[PDB]
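Trainee: Quick check, what structure comes out for this input:
(chains A and B, ligands or ions: 1)
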Amino acid sequence: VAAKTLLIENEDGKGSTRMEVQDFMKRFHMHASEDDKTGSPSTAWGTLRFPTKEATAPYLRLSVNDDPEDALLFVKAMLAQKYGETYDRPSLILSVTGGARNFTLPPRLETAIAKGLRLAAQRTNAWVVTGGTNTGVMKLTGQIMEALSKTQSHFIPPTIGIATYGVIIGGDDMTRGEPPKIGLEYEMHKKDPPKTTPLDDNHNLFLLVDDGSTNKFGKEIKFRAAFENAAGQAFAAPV
Amino acid sequence: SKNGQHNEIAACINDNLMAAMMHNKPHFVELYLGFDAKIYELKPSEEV
Ligand SMILES: Nc1ncnc2c1ncn2[C@@H]1O[C@H](COP(=O)(O)OP(=O)(O)OC[C@H]2O[C@@H](O)[C@H](O)[C@@H]2O)[C@@H](O)[C@H]1O
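Mentor: Numbers count the residues shown, from 1 in each chain, chains lettered A, B, ... in the order given. Below, you will see the structure:
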């Protein structure tokens, strides 16, 4: 009950050959320490399952020096594996950024921003890229996409959470195990010692950027911006 | 609300809903909702 081959897309035409699960994943790297610059291959990818969610969400850990177009081909290969080759192309990449733990707004302004983002995400059918953690405005944008993902037609738009590895409390259970890790359960209430933040359960896909650091922030910025620029030059859409 | 005060508003508007329901003003009870009105915390004039 696991997919072993992934249909990836070629760089100039319409689709490439179906490489295996053990194939195509060696270009994503990771760092065992912060002193390592070349690093190891990652082997920490697959699907996480959350409590009170019907669907699962794929995750991957990529290095900070890795290519963003490889992660864009991972998102396109995952939508080609799930929704088939005739999936819906996006027309807008919608990136939301904000303060995670210092979010404190009045409820009238929060419902005004939530109603504007709800009508924009409903009319746009856009691919929303936020931070991956469950505090503040990414929790609020996951509540907007959890409200709009109930009907969802056939094609659910993906909600990519790009976050720094070494901050997420369920990361060390996710790295230890088998490479596909297709059935790795996520514990949001687990208390890991050198870390504090959990992921949000309403995000549809996860990219964890590794630089070898532990509880150090800001390492998921340039890979996120080059990933949105690579998706904007790939799907010919504004960001 | 632009200047940043809210605690004097949250003291005032529960008695303002009570007086606006008692004196029949519908546009005022349309206006005070949306500013964290909290309908269930209304208090009467006298004691039962
Ligand atoms: N993504 C995060 N999740 C949880 N905690 C964070 C995050 N980023 C920073 N923190 C820590 O929480 C504290 C609160 O900082 P905020 O101002 O609330 O968040 P900010 O520092 O603006 O983080 C911005 C981050 O969020 C994303 O929108 C964006 O990708 C950016 O990386 C900060 O001192 C910081 O150490």
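Trainee: Can you report how many residues neighbour the residue of chain A found nearest chain B?
Mentor: Chain B sits closest to residue A:108 of chain A, with a gap of 5.5 Å, by Cβ to the nearest Cβ. (Each C-beta comes from the backbone N, C-alpha and C, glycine too.) When counting by other Cβ atoms under 10 Å in any protein chain shown, one arrives at 12 neighbours for residue A:108.
Trainee: For it, which residues are in contact?
Mentor: Neighbour list for residue A:108: B:34-36 [criterion: Cβ atoms under 8 Å, 6 or more residues apart in numbering or on different chains].
Trainee: and chain B, which residues reach chain A?
Mentor: Proximity of chain B to chain A (Cβ under 8 Å from any Cβ of the partner chain) is limited to residues B:1, B:6, B:34-36.
Trainee: Which element, helix or strand, includes the residue of chain A closest to chain B?
Mentor: Applying DSSP states H and E as the criterion places residue A:108 in helix A:107-124.
Trainee: Tell me the buried residues in that helix?
Mentor: A:114, A:117-118, A:121 (16 or more other Cβ atoms under 10 Å in any protein chain shown).
Trainee: just curious, which of the residues you listed is nearest to the ligand?
Mentor: residue A:117 (14.2 Å; Cβ to the nearest ligand atom).
Trainee: Which residue is the nearest non-sequential neighbour of the closest one?
Mentor: residue A:144 (5.4 Å; Cβ to Cβ, 6 or more residues apart in numbering or on different chains).
Trainee: same deal with residue A:216?
Mentor: Closest to residue A:216 by Cβ to Cβ, 6+ apart is residue A:166, at 7.0 Å.
Trainee: part of a helix, is that neighbour?
Mentor: No. Counting by DSSP: H, G, I helix; E, B strand; the rest coil, residue A:166 falls outside a helix, being coil.
Trainee: contacting residues around it?
Mentor: Counting by Cβ under 8 Å, 6+ apart, the residues that residue A:166 touches are A:195, A:210-216.
Trainee: No more questions from me, cheers.
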